[PDB]
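Taking it in order: structure first as structure tokens, then the write-up.
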Amino acid sequence: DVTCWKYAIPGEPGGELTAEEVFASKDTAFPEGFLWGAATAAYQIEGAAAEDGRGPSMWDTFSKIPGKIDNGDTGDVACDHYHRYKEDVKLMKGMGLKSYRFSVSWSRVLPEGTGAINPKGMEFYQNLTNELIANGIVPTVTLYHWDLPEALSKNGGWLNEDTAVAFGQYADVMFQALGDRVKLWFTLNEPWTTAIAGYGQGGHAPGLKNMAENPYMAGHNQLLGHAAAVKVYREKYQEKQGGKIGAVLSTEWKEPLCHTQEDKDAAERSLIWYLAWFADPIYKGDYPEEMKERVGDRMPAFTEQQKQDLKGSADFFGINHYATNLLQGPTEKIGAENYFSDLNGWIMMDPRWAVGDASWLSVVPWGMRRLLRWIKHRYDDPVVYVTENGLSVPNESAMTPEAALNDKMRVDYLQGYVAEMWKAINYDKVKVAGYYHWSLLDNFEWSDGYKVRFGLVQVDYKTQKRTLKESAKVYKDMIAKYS
Ligand SMILES: [Ca+2]
């Protein structure tokens, strides 16, 4: 008499409403001033990797090593956005985007990660910022989106607290240069992924392998980096510039496989290990107690000063979200030994769910609603920005370019997840203030290379031609309708 594979919540307001029904309703509206946007990251789109003074990032180093990137791809050229940024901004104007989320290449501004500003690098981000504002688009900026300067990577990267210090000094430089115009700052993008993929599994730069200790240490120093950047911002810039700052965290929604307390506990535990790992420090001042107790001497301890620096170090909750996982309570005692054994949960997908162009991307729109609601509950009703959400259409690169433009699945993903976001705003009272679709452009999808396509806008990498897909046009109409 144990119910499994049944995710509907009895009595949930709006639970049964389809995306079509949500958008057909005359009463469906979004908050005033809602920031409809799209997101990118510097290494994924800019190119010009070794021109105009840019120093190498650890992803330049990583991508040059045979076997690290699928199909031998690199970010050397990417979408050539460094040269073509004016055209890309005009595309965004045409779509009526309210806002754009981009990242700054740390090593384009500070080639060694510290020291002298590279004038042409700084000038690019000033020019990009001005171009956005001149075209009515609100610029929002990610300071760290994985392109750690190689010089810092060589000195231990996020396993070295020196990197956190350097990050704070870099944030300082960017606030001073752009903060008169940029009023929404994201410190780090997906510290989970940097820690696990970059330092734990080695699938991402810098390619290190240790799941017992490295993820927790890399997470630790990223958090210290966040605290340092926010401290600078609050003390030196915030009163004067009147902007806001926060982190961009990430997780799948974690849904219990069965209606048992064991599976409910396992699902909650995965949310803690993925998201609260970073958010409890930022909102409450320390790691979750259950993580400290489970992980023991493999979890670094914050000093008293660090806890003070971390508590309350966000003005909003940035969240990247794509997918949902089912969680099961293990039936045999799991030993705490490494990140995935520590969280004591068995992870799976419902085979009935559609998937994107990688196995991690399950298409489960209601996960968006449930995660947003979870965030509201745990972190005392913060301002929330959905800072990434999007779809890689399976085998899109093997389609004719013409067929790829008719991206019905991406249309359905956009509509579905936005409708469930709306439910969170309307029924669950989550204070969502913006939504940034991943991505404006097809781009360098890290270790998957260019084969995996997330764009609203198709890029022909041979000619660099941009072409709007169906989803871009649907998104344009959505934004105009709900201003
Ligand atoms: Ca200029």
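Residues are named by chain letter and number: chains run A, B, ... in the order of the structure tokens, numbers start at 1 in each chain, and ligands are numbered from 1 in the order shown.
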
Would you mind listing the residues within 8 Å of ligand 1, counting only C-alpha atoms and all ligand atoms, as a PyMOL selection string?
-> chain A and resi 123-124+126-127+130

Any idea what's packed within 6 Å of stretch 460-472 of chain A, counting only C-alpha atoms, ignoring anything in its chain fewer than 3 positions away? Could you give it as a ChimeraX atom specification?
-> /A:405-407,411,456-457,475

Could you dump the residues just selected with N, CA, C and O atoms as a short mmCIF file (atom, residue, chain, number, x, y, z; two decimals), in the first residue's frame?
data_model
loop_
_atom_site.label_atom_id
_atom_site.label_comp_id
_atom_site.auth_asym_id
_atom_site.auth_seq_id
_atom_site.Cartn_x
_atom_site.Cartn_y
_atom_site.Cartn_z
N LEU A 405 15.72 25.32 -36.50
CA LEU A 405 15.02 26.56 -36.19
C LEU A 405 13.60 26.29 -35.70
O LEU A 405 13.05 27.07 -34.92
N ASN A 406 12.99 25.21 -36.18
CA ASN A 406 11.64 24.86 -35.75
C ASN A 406 11.73 24.08 -34.45
O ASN A 406 11.40 22.90 -34.41
N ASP A 407 12.17 24.76 -33.40
CA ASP A 407 12.53 24.06 -32.16
C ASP A 407 11.35 23.93 -31.19
O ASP A 407 11.37 24.46 -30.07
N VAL A 411 10.40 25.45 -27.42
CA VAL A 411 9.20 26.24 -27.21
C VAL A 411 8.40 25.66 -26.04
O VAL A 411 8.00 26.39 -25.13
N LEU A 456 18.34 30.32 -28.00
CA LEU A 456 17.15 30.88 -28.63
C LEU A 456 17.50 31.31 -30.04
O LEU A 456 16.64 31.35 -30.93
N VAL A 457 18.78 31.60 -30.24
CA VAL A 457 19.32 32.06 -31.51
C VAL A 457 20.35 31.05 -31.99
O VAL A 457 21.30 30.72 -31.28
N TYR A 475 9.33 33.66 -27.32
CA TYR A 475 9.77 34.39 -26.15
C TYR A 475 9.50 35.88 -26.30
O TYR A 475 9.06 36.54 -25.35
#

Could you find all residues in stretch 385-429 of chain A that DSSP calls strand (DSSP E or B) from the backbone, and write them as a list in words?
->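 Put together, the selection reads residues 385, 386, 387 and 388 of chain A.
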
Saved selection, atoms kept: N, CA and C atoms, as an mmCIF file, in the first residue's frame:
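Written out: part09.cif:
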data_model
loop_
_atom_site.group_PDB
_atom_site.id
_atom_site.type_symbol
_atom_site.label_atom_id
_atom_site.label_comp_id
_atom_site.auth_asym_id
_atom_site.auth_seq_id
_atom_site.Cartn_x
_atom_site.Cartn_y
_atom_site.Cartn_z
ATOM 1 N N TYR A 385 15.866 35.534 -8.426
ATOM 2 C CA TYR A 385 16.073 35.602 -9.867
ATOM 3 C C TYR A 385 16.364 34.206 -10.390
ATOM 4 N N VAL A 386 15.563 33.771 -11.353
ATOM 5 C CA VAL A 386 15.876 32.548 -12.079
ATOM 6 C C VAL A 386 16.908 32.956 -13.121
ATOM 7 N N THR A 387 18.162 32.597 -12.861
ATOM 8 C CA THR A 387 19.284 33.150 -13.594
ATOM 9 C C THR A 387 19.744 32.268 -14.763
ATOM 10 N N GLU A 388 19.246 31.030 -14.824
ATOM 11 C CA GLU A 388 19.384 30.145 -15.990
ATOM 12 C C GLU A 388 18.235 29.154 -16.011
#

To one decimal in Å, tell me the separation between atom CA of residue A:458 and atom CA of residue A:440.
->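 Interatomic distance here is 8.9 Å.
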
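Across the model, the gap from atom CA of residue A:443 to atom CA of residue A:73 is 11.0 Å.
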